[PDB]
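Here is the file model_8.cif (mmCIF, N, CA and C atoms and all ligand atoms).
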```cif
data_query
loop_
_atom_site.label_atom_id
_atom_site.label_comp_id
_atom_site.auth_asym_id
_atom_site.auth_seq_id
_atom_site.Cartn_x
_atom_site.Cartn_y
_atom_site.Cartn_z
N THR Q 7 0.81 -1.23 0.00
CA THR Q 7 0.00 0.00 0.00
C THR Q 7 0.83 1.26 0.00
N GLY Q 8 0.59 2.22 -0.89
CA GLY Q 8 1.42 3.44 -0.84
C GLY Q 8 0.61 4.52 -1.54
N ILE Q 9 1.34 5.55 -1.92
CA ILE Q 9 0.67 6.71 -2.50
C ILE Q 9 0.19 6.37 -3.91
N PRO Q 10 -0.81 7.12 -4.36
CA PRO Q 10 -1.30 6.92 -5.73
C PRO Q 10 -0.22 7.19 -6.79
N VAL Q 11 -0.47 6.57 -7.94
CA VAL Q 11 0.42 6.67 -9.07
C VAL Q 11 0.06 7.81 -10.00
N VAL Q 12 1.05 8.50 -10.58
CA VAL Q 12 0.84 9.34 -11.75
C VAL Q 12 1.69 8.72 -12.88
N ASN Q 13 1.19 8.92 -14.11
CA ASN Q 13 1.91 8.41 -15.27
C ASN Q 13 1.89 9.50 -16.36
N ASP Q 14 2.45 9.15 -17.49
CA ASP Q 14 2.58 10.17 -18.53
C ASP Q 14 1.20 10.64 -18.96
N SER Q 15 0.23 9.74 -19.03
CA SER Q 15 -1.12 10.08 -19.42
C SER Q 15 -1.85 11.08 -18.51
N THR Q 16 -1.55 10.98 -17.22
CA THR Q 16 -2.30 11.75 -16.17
C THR Q 16 -1.49 12.87 -15.56
N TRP Q 17 -0.26 13.10 -16.06
CA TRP Q 17 0.59 14.15 -15.50
C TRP Q 17 -0.09 15.51 -15.49
N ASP Q 18 -0.64 15.92 -16.62
CA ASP Q 18 -1.26 17.22 -16.67
C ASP Q 18 -2.42 17.35 -15.70
N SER Q 19 -3.36 16.37 -15.74
CA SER Q 19 -4.58 16.45 -14.95
C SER Q 19 -4.34 16.23 -13.44
N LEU Q 20 -3.39 15.42 -13.03
CA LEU Q 20 -3.17 15.16 -11.62
C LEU Q 20 -2.15 16.09 -10.98
N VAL Q 21 -1.14 16.48 -11.74
CA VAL Q 21 -0.04 17.28 -11.13
C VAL Q 21 -0.24 18.72 -11.54
N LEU Q 22 -0.28 19.04 -12.85
CA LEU Q 22 -0.21 20.45 -13.24
C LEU Q 22 -1.53 21.19 -12.99
N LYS Q 23 -2.64 20.45 -12.99
CA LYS Q 23 -3.96 21.10 -12.82
C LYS Q 23 -4.51 20.88 -11.43
N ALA Q 24 -3.73 20.34 -10.51
CA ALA Q 24 -4.26 20.09 -9.17
C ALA Q 24 -4.66 21.33 -8.41
N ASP Q 25 -5.66 21.19 -7.57
CA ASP Q 25 -6.11 22.28 -6.72
C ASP Q 25 -5.11 22.57 -5.60
N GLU Q 26 -4.44 21.56 -5.10
CA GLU Q 26 -3.61 21.46 -3.93
C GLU Q 26 -2.15 21.48 -4.32
N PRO Q 27 -1.19 21.90 -3.51
CA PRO Q 27 0.21 21.60 -3.85
C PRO Q 27 0.36 20.12 -4.02
N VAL Q 28 1.32 19.73 -4.89
CA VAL Q 28 1.56 18.34 -5.22
C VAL Q 28 3.00 17.97 -4.99
N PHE Q 29 3.21 16.85 -4.35
CA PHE Q 29 4.49 16.16 -4.16
C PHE Q 29 4.59 14.97 -5.09
N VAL Q 30 5.60 14.92 -5.94
CA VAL Q 30 5.80 13.84 -6.88
C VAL Q 30 7.11 13.13 -6.58
N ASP Q 31 7.03 11.81 -6.42
CA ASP Q 31 8.15 10.91 -6.21
C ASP Q 31 8.50 10.19 -7.50
N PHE Q 32 9.61 10.53 -8.13
CA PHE Q 32 10.15 9.82 -9.27
C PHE Q 32 11.03 8.69 -8.76
N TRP Q 33 10.71 7.45 -9.14
CA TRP Q 33 11.33 6.25 -8.64
C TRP Q 33 11.35 5.19 -9.74
N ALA Q 34 12.05 4.08 -9.50
CA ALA Q 34 11.93 2.93 -10.39
C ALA Q 34 12.35 1.68 -9.64
N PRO Q 35 11.80 0.52 -10.04
CA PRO Q 35 12.10 -0.69 -9.27
C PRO Q 35 13.55 -1.20 -9.39
N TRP Q 36 14.32 -0.71 -10.34
CA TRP Q 36 15.74 -1.10 -10.44
C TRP Q 36 16.58 -0.29 -9.46
N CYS Q 37 15.99 0.75 -8.87
CA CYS Q 37 16.77 1.62 -7.98
C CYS Q 37 16.34 1.45 -6.54
N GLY Q 38 17.13 0.67 -5.81
CA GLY Q 38 16.78 0.39 -4.45
C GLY Q 38 16.65 1.62 -3.57
N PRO Q 39 17.54 2.61 -3.53
CA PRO Q 39 17.32 3.85 -2.75
C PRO Q 39 16.01 4.54 -3.10
N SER Q 40 15.54 4.48 -4.32
CA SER Q 40 14.27 5.13 -4.67
C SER Q 40 13.07 4.36 -4.13
N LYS Q 41 13.21 3.09 -3.85
CA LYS Q 41 12.20 2.30 -3.15
C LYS Q 41 12.32 2.49 -1.65
N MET Q 42 13.50 2.70 -1.09
CA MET Q 42 13.66 2.73 0.36
C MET Q 42 13.05 3.99 0.97
N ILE Q 43 12.70 4.99 0.16
CA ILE Q 43 12.05 6.17 0.70
C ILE Q 43 10.57 5.93 0.88
N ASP Q 44 10.00 4.81 0.45
CA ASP Q 44 8.54 4.69 0.47
C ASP Q 44 7.98 4.81 1.87
N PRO Q 45 8.50 4.18 2.92
CA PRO Q 45 7.91 4.44 4.25
C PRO Q 45 7.89 5.92 4.62
N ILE Q 46 8.94 6.73 4.36
CA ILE Q 46 8.78 8.13 4.79
C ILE Q 46 7.89 8.91 3.81
N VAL Q 47 7.84 8.58 2.54
CA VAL Q 47 6.83 9.25 1.69
C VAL Q 47 5.43 8.90 2.18
N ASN Q 48 5.19 7.65 2.54
CA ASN Q 48 3.88 7.31 3.08
C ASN Q 48 3.58 8.04 4.37
N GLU Q 49 4.58 8.21 5.25
CA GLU Q 49 4.32 8.99 6.46
C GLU Q 49 3.97 10.42 6.13
N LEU Q 50 4.67 10.99 5.17
CA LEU Q 50 4.35 12.35 4.77
C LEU Q 50 2.95 12.44 4.18
N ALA Q 51 2.58 11.47 3.34
CA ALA Q 51 1.27 11.53 2.69
C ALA Q 51 0.15 11.45 3.72
N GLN Q 52 0.37 10.66 4.76
CA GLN Q 52 -0.66 10.56 5.83
C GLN Q 52 -0.71 11.86 6.60
N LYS Q 53 0.47 12.40 6.99
CA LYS Q 53 0.50 13.61 7.82
C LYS Q 53 -0.10 14.81 7.12
N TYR Q 54 0.22 14.94 5.85
CA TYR Q 54 -0.18 16.14 5.06
C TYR Q 54 -1.48 15.91 4.28
N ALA Q 55 -2.18 14.81 4.64
CA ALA Q 55 -3.39 14.49 3.88
C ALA Q 55 -4.29 15.72 3.91
N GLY Q 56 -4.88 16.03 2.78
CA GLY Q 56 -5.82 17.12 2.62
C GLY Q 56 -5.16 18.47 2.48
N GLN Q 57 -3.86 18.60 2.65
CA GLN Q 57 -3.13 19.81 2.33
C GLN Q 57 -2.24 19.69 1.10
N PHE Q 58 -1.87 18.47 0.73
CA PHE Q 58 -1.00 18.16 -0.38
C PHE Q 58 -1.53 16.91 -1.05
N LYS Q 59 -1.40 16.85 -2.36
CA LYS Q 59 -1.51 15.56 -3.03
C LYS Q 59 -0.15 14.92 -3.18
N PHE Q 60 -0.09 13.62 -3.20
CA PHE Q 60 1.12 12.83 -3.33
C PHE Q 60 0.97 11.81 -4.46
N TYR Q 61 1.92 11.77 -5.38
CA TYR Q 61 1.93 10.80 -6.45
C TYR Q 61 3.32 10.25 -6.68
N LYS Q 62 3.39 8.99 -7.10
CA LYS Q 62 4.67 8.42 -7.50
C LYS Q 62 4.62 8.05 -8.97
N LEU Q 63 5.72 8.34 -9.66
CA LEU Q 63 5.89 8.07 -11.10
C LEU Q 63 7.07 7.13 -11.26
N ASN Q 64 6.79 5.99 -11.87
CA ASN Q 64 7.78 4.98 -12.18
C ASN Q 64 8.47 5.33 -13.48
N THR Q 65 9.76 5.70 -13.46
CA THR Q 65 10.41 6.22 -14.66
C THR Q 65 10.63 5.07 -15.68
N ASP Q 66 10.58 3.81 -15.29
CA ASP Q 66 10.58 2.66 -16.21
C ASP Q 66 9.25 2.57 -16.98
N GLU Q 67 8.13 2.88 -16.35
CA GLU Q 67 6.81 2.74 -16.91
C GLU Q 67 6.32 3.98 -17.66
N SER Q 68 6.79 5.16 -17.20
CA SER Q 68 6.40 6.46 -17.73
C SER Q 68 7.66 7.26 -18.04
N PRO Q 69 8.29 6.95 -19.17
CA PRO Q 69 9.54 7.64 -19.47
C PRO Q 69 9.42 9.06 -20.01
N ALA Q 70 8.27 9.50 -20.52
CA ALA Q 70 8.27 10.78 -21.19
C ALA Q 70 8.41 11.92 -20.19
N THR Q 71 7.73 11.87 -19.06
CA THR Q 71 7.72 12.99 -18.12
C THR Q 71 9.10 13.18 -17.51
N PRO Q 72 9.75 12.17 -16.95
CA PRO Q 72 11.12 12.41 -16.41
C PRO Q 72 12.09 12.93 -17.48
N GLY Q 73 11.97 12.43 -18.71
CA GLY Q 73 12.79 12.95 -19.80
C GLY Q 73 12.60 14.44 -20.00
N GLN Q 74 11.32 14.86 -20.09
CA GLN Q 74 10.91 16.27 -20.34
C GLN Q 74 11.40 17.14 -19.21
N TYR Q 75 11.38 16.67 -17.98
CA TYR Q 75 11.66 17.48 -16.79
C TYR Q 75 13.13 17.34 -16.36
N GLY Q 76 13.94 16.65 -17.14
CA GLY Q 76 15.37 16.57 -16.90
C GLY Q 76 15.79 15.73 -15.72
N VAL Q 77 14.97 14.73 -15.39
CA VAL Q 77 15.35 13.88 -14.24
C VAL Q 77 16.62 13.09 -14.63
N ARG Q 78 17.67 13.20 -13.82
CA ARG Q 78 18.97 12.60 -14.06
C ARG Q 78 19.32 11.44 -13.14
N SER Q 79 18.69 11.40 -11.98
CA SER Q 79 18.92 10.36 -11.00
C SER Q 79 17.62 10.21 -10.21
N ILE Q 80 17.48 9.05 -9.59
CA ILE Q 80 16.30 8.78 -8.74
C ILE Q 80 16.82 8.28 -7.41
N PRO Q 81 16.08 8.53 -6.34
CA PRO Q 81 14.79 9.22 -6.33
C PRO Q 81 15.00 10.71 -6.57
N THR Q 82 13.98 11.32 -7.16
CA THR Q 82 13.83 12.74 -7.28
C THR Q 82 12.44 13.12 -6.82
N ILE Q 83 12.28 14.08 -5.95
CA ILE Q 83 11.02 14.64 -5.49
C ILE Q 83 10.86 15.99 -6.17
N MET Q 84 9.65 16.26 -6.67
CA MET Q 84 9.33 17.60 -7.14
C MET Q 84 8.06 18.08 -6.46
N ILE Q 85 8.02 19.37 -6.21
CA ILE Q 85 6.81 20.00 -5.66
C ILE Q 85 6.30 20.98 -6.68
N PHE Q 86 4.98 20.90 -6.92
CA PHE Q 86 4.28 21.79 -7.82
C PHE Q 86 3.19 22.54 -7.11
N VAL Q 87 3.01 23.80 -7.46
CA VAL Q 87 1.91 24.61 -6.91
C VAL Q 87 1.24 25.31 -8.09
N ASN Q 88 -0.02 25.09 -8.32
CA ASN Q 88 -0.80 25.76 -9.37
C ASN Q 88 -0.10 25.70 -10.72
N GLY Q 89 0.45 24.54 -11.05
CA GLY Q 89 1.02 24.34 -12.36
C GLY Q 89 2.48 24.74 -12.50
N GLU Q 90 3.12 25.19 -11.44
CA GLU Q 90 4.47 25.68 -11.47
C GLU Q 90 5.34 24.81 -10.59
N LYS Q 91 6.50 24.35 -11.11
CA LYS Q 91 7.46 23.62 -10.33
C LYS Q 91 8.09 24.56 -9.33
N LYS Q 92 8.03 24.22 -8.05
CA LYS Q 92 8.50 25.07 -6.98
C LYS Q 92 9.74 24.53 -6.27
N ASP Q 93 10.01 23.24 -6.35
CA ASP Q 93 11.18 22.66 -5.71
C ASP Q 93 11.52 21.32 -6.32
N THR Q 94 12.78 20.97 -6.25
CA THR Q 94 13.29 19.69 -6.65
C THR Q 94 14.25 19.20 -5.58
N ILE Q 95 14.02 18.01 -5.03
CA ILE Q 95 14.82 17.49 -3.92
C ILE Q 95 15.33 16.14 -4.44
N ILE Q 96 16.60 16.03 -4.86
CA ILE Q 96 17.23 14.89 -5.54
C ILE Q 96 18.04 14.15 -4.52
N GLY Q 97 17.81 12.70 -4.67
CA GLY Q 97 18.51 11.74 -3.78
C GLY Q 97 17.70 11.37 -2.55
N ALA Q 98 18.16 10.28 -1.91
CA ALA Q 98 17.44 9.65 -0.81
C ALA Q 98 17.60 10.43 0.49
N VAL Q 99 16.89 11.53 0.73
CA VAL Q 99 17.21 12.44 1.82
C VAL Q 99 16.37 12.21 3.06
N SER Q 100 16.56 12.88 4.19
CA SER Q 100 15.75 12.60 5.37
C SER Q 100 14.34 13.13 5.30
N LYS Q 101 13.48 12.54 6.12
CA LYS Q 101 12.11 13.05 6.23
C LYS Q 101 12.12 14.52 6.61
N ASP Q 102 13.00 14.95 7.53
CA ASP Q 102 13.04 16.37 7.91
C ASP Q 102 13.34 17.28 6.73
N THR Q 103 14.25 16.86 5.86
CA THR Q 103 14.62 17.66 4.67
C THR Q 103 13.40 17.90 3.81
N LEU Q 104 12.63 16.80 3.63
CA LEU Q 104 11.40 16.86 2.81
C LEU Q 104 10.34 17.70 3.48
N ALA Q 105 10.14 17.53 4.80
CA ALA Q 105 9.12 18.33 5.49
C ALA Q 105 9.43 19.82 5.42
N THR Q 106 10.70 20.18 5.51
CA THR Q 106 11.08 21.59 5.32
C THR Q 106 10.64 22.17 4.01
N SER Q 107 10.83 21.36 2.95
CA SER Q 107 10.44 21.85 1.63
C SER Q 107 8.92 21.90 1.54
N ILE Q 108 8.22 20.87 2.06
CA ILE Q 108 6.75 20.84 2.01
C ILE Q 108 6.16 22.05 2.75
N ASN Q 109 6.70 22.28 3.93
CA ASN Q 109 6.13 23.34 4.78
C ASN Q 109 6.27 24.71 4.14
N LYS Q 110 7.25 24.92 3.28
CA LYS Q 110 7.48 26.21 2.59
C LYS Q 110 6.23 26.54 1.78
N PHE Q 111 5.50 25.56 1.27
CA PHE Q 111 4.37 25.84 0.37
C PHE Q 111 3.05 25.75 1.14
N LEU Q 112 3.13 25.70 2.47
CA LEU Q 112 2.00 25.76 3.41
C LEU Q 112 1.89 27.16 4.02
NA NA J 201 -2.71 17.42 6.93
#
```
I need this file expressed as structure tokens, please.
Amino acid sequence: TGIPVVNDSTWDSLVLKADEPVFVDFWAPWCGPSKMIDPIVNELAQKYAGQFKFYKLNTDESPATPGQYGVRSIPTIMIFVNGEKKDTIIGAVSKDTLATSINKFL
């Protein structure tokens, strides 16, 4: 069980057109550090429920969006507000690092 998925088909409607700030987790199953963040992304999604949307994009399954947005390594977190990219947090970082960035858009 984890956060909902976004893919290339739904990127515009779920991320760019969202009512709420959005946290996006770029990950892939070949990258173990990008999977090891799932418990703290899930903790964040529960804590921030109703203030942020949370989605994960599998760069193996949805290659167009990471290509377009210049993703070079995973995990990569991006935050969007009203259609605008507001932050990028690259690499397997602490929950506190992520909460700092999330709270900036609260
Ligand atoms: Na909340």
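Candidate residues Q:85, Q:12, Q:70, Q:55 were compared for distance to ligand NA 201 (chain J), and the nearest is Q:55, using all atoms listed in the file.
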List every protein, DNA or RNA residue that has at least one atom no more than 5 Å from (6.4, 18.8, -4.5) in the file's coordinates, counting all atoms listed in the file, and write the result as an mmCIF file with N, CA and C atoms, keeping the file's coordinate frame.
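This is the output file part.cif:
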```cif
data_model
loop_
_atom_site.group_PDB
_atom_site.id
_atom_site.type_symbol
_atom_site.label_atom_id
_atom_site.label_comp_id
_atom_site.auth_asym_id
_atom_site.auth_seq_id
_atom_site.Cartn_x
_atom_site.Cartn_y
_atom_site.Cartn_z
ATOM 1 N N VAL Q 28 1.320 19.730 -4.890
ATOM 2 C CA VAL Q 28 1.560 18.340 -5.220
ATOM 3 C C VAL Q 28 3.000 17.970 -4.990
ATOM 4 N N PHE Q 29 3.210 16.850 -4.350
ATOM 5 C CA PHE Q 29 4.490 16.160 -4.160
ATOM 6 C C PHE Q 29 4.590 14.970 -5.090
ATOM 7 N N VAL Q 30 5.600 14.920 -5.940
ATOM 8 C CA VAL Q 30 5.800 13.840 -6.880
ATOM 9 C C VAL Q 30 7.110 13.130 -6.580
ATOM 10 N N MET Q 84 9.650 16.260 -6.670
ATOM 11 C CA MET Q 84 9.330 17.600 -7.140
ATOM 12 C C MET Q 84 8.060 18.080 -6.460
ATOM 13 N N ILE Q 85 8.020 19.370 -6.210
ATOM 14 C CA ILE Q 85 6.810 20.000 -5.660
ATOM 15 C C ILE Q 85 6.300 20.980 -6.680
ATOM 16 N N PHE Q 86 4.980 20.900 -6.920
ATOM 17 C CA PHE Q 86 4.280 21.790 -7.820
ATOM 18 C C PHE Q 86 3.190 22.540 -7.110
#
```
Select from chain Q every residue with an atom at most 5 Å from any atom of ligand NA 201 (chain J), then for each give the shortest pair of atoms and their distance in Å to one decimal, using all atoms listed in the file, rows by chain and rising number, as a tab-separated table.
```
residue	atom	partner	partner_atom	distance
Q:53	C	J:NA201	NA	3.7
Q:54	C	J:NA201	NA	3.3
Q:55	N	J:NA201	NA	3.5
Q:56	N	J:NA201	NA	4.9
Q:57	N	J:NA201	NA	4.6
```
Just write the chosen residues, N, CA and C atoms, as a PDB file, keeping the file's coordinate frame.
```
ATOM      1  N   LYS Q  53       0.470  12.400   6.990  1.00  0.00           N
ATOM      2  CA  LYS Q  53       0.500  13.610   7.820  1.00  0.00           C
ATOM      3  C   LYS Q  53      -0.100  14.810   7.120  1.00  0.00           C
ATOM      4  N   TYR Q  54       0.220  14.940   5.850  1.00  0.00           N
ATOM      5  CA  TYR Q  54      -0.180  16.140   5.060  1.00  0.00           C
ATOM      6  C   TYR Q  54      -1.480  15.910   4.280  1.00  0.00           C
ATOM      7  N   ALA Q  55      -2.180  14.810   4.640  1.00  0.00           N
ATOM      8  CA  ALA Q  55      -3.390  14.490   3.880  1.00  0.00           C
ATOM      9  C   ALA Q  55      -4.290  15.720   3.910  1.00  0.00           C
ATOM     10  N   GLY Q  56      -4.880  16.030   2.780  1.00  0.00           N
ATOM     11  CA  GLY Q  56      -5.820  17.120   2.620  1.00  0.00           C
ATOM     12  C   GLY Q  56      -5.160  18.470   2.480  1.00  0.00           C
ATOM     13  N   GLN Q  57      -3.860  18.600   2.650  1.00  0.00           N
ATOM     14  CA  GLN Q  57      -3.130  19.810   2.330  1.00  0.00           C
ATOM     15  C   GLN Q  57      -2.240  19.690   1.100  1.00  0.00           C
TER      16      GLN Q  57
END
```
If DSSP is run on the backbone, what residues of chain Q are strand (DSSP E)? A reply as a PyMOL selection string would be ideal. chain Q and resi 28-33+59-64+82-87+90-96
Could you save the residues just selected, with N, CA and C atoms, as a PDB file, in the coordinates of the input?
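Written out: part_1.pdb:
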```
ATOM      1  N   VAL Q  28       1.320  19.730  -4.890  1.00  0.00           N
ATOM      2  CA  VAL Q  28       1.560  18.340  -5.220  1.00  0.00           C
ATOM      3  C   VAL Q  28       3.000  17.970  -4.990  1.00  0.00           C
ATOM      4  N   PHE Q  29       3.210  16.850  -4.350  1.00  0.00           N
ATOM      5  CA  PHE Q  29       4.490  16.160  -4.160  1.00  0.00           C
ATOM      6  C   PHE Q  29       4.590  14.970  -5.090  1.00  0.00           C
ATOM      7  N   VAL Q  30       5.600  14.920  -5.940  1.00  0.00           N
ATOM      8  CA  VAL Q  30       5.800  13.840  -6.880  1.00  0.00           C
ATOM      9  C   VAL Q  30       7.110  13.130  -6.580  1.00  0.00           C
ATOM     10  N   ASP Q  31       7.030  11.810  -6.420  1.00  0.00           N
ATOM     11  CA  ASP Q  31       8.150  10.910  -6.210  1.00  0.00           C
ATOM     12  C   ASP Q  31       8.500  10.190  -7.500  1.00  0.00           C
ATOM     13  N   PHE Q  32       9.610  10.530  -8.130  1.00  0.00           N
ATOM     14  CA  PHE Q  32      10.150   9.820  -9.270  1.00  0.00           C
ATOM     15  C   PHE Q  32      11.030   8.690  -8.760  1.00  0.00           C
ATOM     16  N   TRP Q  33      10.710   7.450  -9.140  1.00  0.00           N
ATOM     17  CA  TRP Q  33      11.330   6.250  -8.640  1.00  0.00           C
ATOM     18  C   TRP Q  33      11.350   5.190  -9.740  1.00  0.00           C
ATOM     19  N   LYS Q  59      -1.400  16.850  -2.360  1.00  0.00           N
ATOM     20  CA  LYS Q  59      -1.510  15.560  -3.030  1.00  0.00           C
ATOM     21  C   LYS Q  59      -0.150  14.920  -3.180  1.00  0.00           C
ATOM     22  N   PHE Q  60      -0.090  13.620  -3.200  1.00  0.00           N
ATOM     23  CA  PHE Q  60       1.120  12.830  -3.330  1.00  0.00           C
ATOM     24  C   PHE Q  60       0.970  11.810  -4.460  1.00  0.00           C
ATOM     25  N   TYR Q  61       1.920  11.770  -5.380  1.00  0.00           N
ATOM     26  CA  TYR Q  61       1.930  10.800  -6.450  1.00  0.00           C
ATOM     27  C   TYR Q  61       3.320  10.250  -6.680  1.00  0.00           C
ATOM     28  N   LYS Q  62       3.390   8.990  -7.100  1.00  0.00           N
ATOM     29  CA  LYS Q  62       4.670   8.420  -7.500  1.00  0.00           C
ATOM     30  C   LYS Q  62       4.620   8.050  -8.970  1.00  0.00           C
ATOM     31  N   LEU Q  63       5.720   8.340  -9.660  1.00  0.00           N
ATOM     32  CA  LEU Q  63       5.890   8.070 -11.100  1.00  0.00           C
ATOM     33  C   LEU Q  63       7.070   7.130 -11.260  1.00  0.00           C
ATOM     34  N   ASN Q  64       6.790   5.990 -11.870  1.00  0.00           N
ATOM     35  CA  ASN Q  64       7.780   4.980 -12.180  1.00  0.00           C
ATOM     36  C   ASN Q  64       8.470   5.330 -13.480  1.00  0.00           C
ATOM     37  N   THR Q  82      13.980  11.320  -7.160  1.00  0.00           N
ATOM     38  CA  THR Q  82      13.830  12.740  -7.280  1.00  0.00           C
ATOM     39  C   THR Q  82      12.440  13.120  -6.820  1.00  0.00           C
ATOM     40  N   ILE Q  83      12.280  14.080  -5.950  1.00  0.00           N
ATOM     41  CA  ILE Q  83      11.020  14.640  -5.490  1.00  0.00           C
ATOM     42  C   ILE Q  83      10.860  15.990  -6.170  1.00  0.00           C
ATOM     43  N   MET Q  84       9.650  16.260  -6.670  1.00  0.00           N
ATOM     44  CA  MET Q  84       9.330  17.600  -7.140  1.00  0.00           C
ATOM     45  C   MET Q  84       8.060  18.080  -6.460  1.00  0.00           C
ATOM     46  N   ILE Q  85       8.020  19.370  -6.210  1.00  0.00           N
ATOM     47  CA  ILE Q  85       6.810  20.000  -5.660  1.00  0.00           C
ATOM     48  C   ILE Q  85       6.300  20.980  -6.680  1.00  0.00           C
ATOM     49  N   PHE Q  86       4.980  20.900  -6.920  1.00  0.00           N
ATOM     50  CA  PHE Q  86       4.280  21.790  -7.820  1.00  0.00           C
ATOM     51  C   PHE Q  86       3.190  22.540  -7.110  1.00  0.00           C
ATOM     52  N   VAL Q  87       3.010  23.800  -7.460  1.00  0.00           N
ATOM     53  CA  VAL Q  87       1.910  24.610  -6.910  1.00  0.00           C
ATOM     54  C   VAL Q  87       1.240  25.310  -8.090  1.00  0.00           C
ATOM     55  N   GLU Q  90       3.120  25.190 -11.440  1.00  0.00           N
ATOM     56  CA  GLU Q  90       4.470  25.680 -11.470  1.00  0.00           C
ATOM     57  C   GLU Q  90       5.340  24.810 -10.590  1.00  0.00           C
ATOM     58  N   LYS Q  91       6.500  24.350 -11.110  1.00  0.00           N
ATOM     59  CA  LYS Q  91       7.460  23.620 -10.330  1.00  0.00           C
ATOM     60  C   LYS Q  91       8.090  24.560  -9.330  1.00  0.00           C
ATOM     61  N   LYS Q  92       8.030  24.220  -8.050  1.00  0.00           N
ATOM     62  CA  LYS Q  92       8.500  25.070  -6.980  1.00  0.00           C
ATOM     63  C   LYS Q  92       9.740  24.530  -6.270  1.00  0.00           C
ATOM     64  N   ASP Q  93      10.010  23.240  -6.350  1.00  0.00           N
ATOM     65  CA  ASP Q  93      11.180  22.660  -5.710  1.00  0.00           C
ATOM     66  C   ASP Q  93      11.520  21.320  -6.320  1.00  0.00           C
ATOM     67  N   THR Q  94      12.780  20.970  -6.250  1.00  0.00           N
ATOM     68  CA  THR Q  94      13.290  19.690  -6.650  1.00  0.00           C
ATOM     69  C   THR Q  94      14.250  19.200  -5.580  1.00  0.00           C
ATOM     70  N   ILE Q  95      14.020  18.010  -5.030  1.00  0.00           N
ATOM     71  CA  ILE Q  95      14.820  17.490  -3.920  1.00  0.00           C
ATOM     72  C   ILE Q  95      15.330  16.140  -4.440  1.00  0.00           C
ATOM     73  N   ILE Q  96      16.600  16.030  -4.860  1.00  0.00           N
ATOM     74  CA  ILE Q  96      17.230  14.890  -5.540  1.00  0.00           C
ATOM     75  C   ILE Q  96      18.040  14.150  -4.520  1.00  0.00           C
TER      76      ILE Q  96
END
```
With all atoms listed in the file as the counted atoms, please give the residues lying no more than 8 Å from residue 36 of chain Q, apart from itself and same-chain residues fewer than 4 positions off, as number ranges by chain. Q: 40-41, 66
Per-residue DSSP, chain Q, filtered to alpha helix (DSSP H), as a PyMOL selection string: chain Q and resi 38-42+44-53+70-74+101-110
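Each of Q:8, Q:49, Q:22, Q:15 was checked against residue 88 of chain Q using all atoms listed in the file; the smallest atom-to-atom distance is that of Q:22.
Shortest separation to residue 108 of chain Q among Q:81, Q:75, Q:26, Q:42 occurs at residue Q:26, atoms counted being only C-alpha atoms.
Atom CA of residue 34 of chain Q sits 17.7 Å away from atom CA of residue 16 of chain Q.
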N, CA, C and O atoms are what I want for segment 84-93 of chain Q; can you complete it accordingly and write them as a CSV table (one decimal), keeping the file's coordinate frame?
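Contents of out_24.csv, freshly written:
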```csv
chain,number,residue,atom,x,y,z
Q,84,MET,N,9.6,16.3,-6.7
Q,84,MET,CA,9.3,17.6,-7.1
Q,84,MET,C,8.1,18.1,-6.5
Q,84,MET,O,7.2,17.3,-6.2
Q,85,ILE,N,8.0,19.4,-6.2
Q,85,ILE,CA,6.8,20.0,-5.7
Q,85,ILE,C,6.3,21.0,-6.7
Q,85,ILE,O,7.1,21.8,-7.2
Q,86,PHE,N,5.0,20.9,-6.9
Q,86,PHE,CA,4.3,21.8,-7.8
Q,86,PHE,C,3.2,22.5,-7.1
Q,86,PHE,O,2.5,22.0,-6.3
Q,87,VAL,N,3.0,23.8,-7.5
Q,87,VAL,CA,1.9,24.6,-6.9
Q,87,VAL,C,1.2,25.3,-8.1
Q,87,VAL,O,1.9,26.1,-8.8
Q,88,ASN,N,0.0,25.1,-8.3
Q,88,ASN,CA,-0.8,25.8,-9.4
Q,88,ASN,C,-0.1,25.7,-10.7
Q,88,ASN,O,0.0,26.6,-11.5
Q,89,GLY,N,0.4,24.5,-11.0
Q,89,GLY,CA,1.0,24.3,-12.4
Q,89,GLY,C,2.5,24.7,-12.5
Q,89,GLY,O,3.0,24.6,-13.6
Q,90,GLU,N,3.1,25.2,-11.4
Q,90,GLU,CA,4.5,25.7,-11.5
Q,90,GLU,C,5.3,24.8,-10.6
Q,90,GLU,O,5.0,24.5,-9.4
Q,91,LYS,N,6.5,24.4,-11.1
Q,91,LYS,CA,7.5,23.6,-10.3
Q,91,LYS,C,8.1,24.6,-9.3
Q,91,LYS,O,8.6,25.6,-9.7
Q,92,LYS,N,8.0,24.2,-8.0
Q,92,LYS,CA,8.5,25.1,-7.0
Q,92,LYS,C,9.7,24.5,-6.3
Q,92,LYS,O,10.5,25.3,-5.7
Q,93,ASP,N,10.0,23.2,-6.4
Q,93,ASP,CA,11.2,22.7,-5.7
Q,93,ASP,C,11.5,21.3,-6.3
Q,93,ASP,O,10.6,20.6,-6.8
```
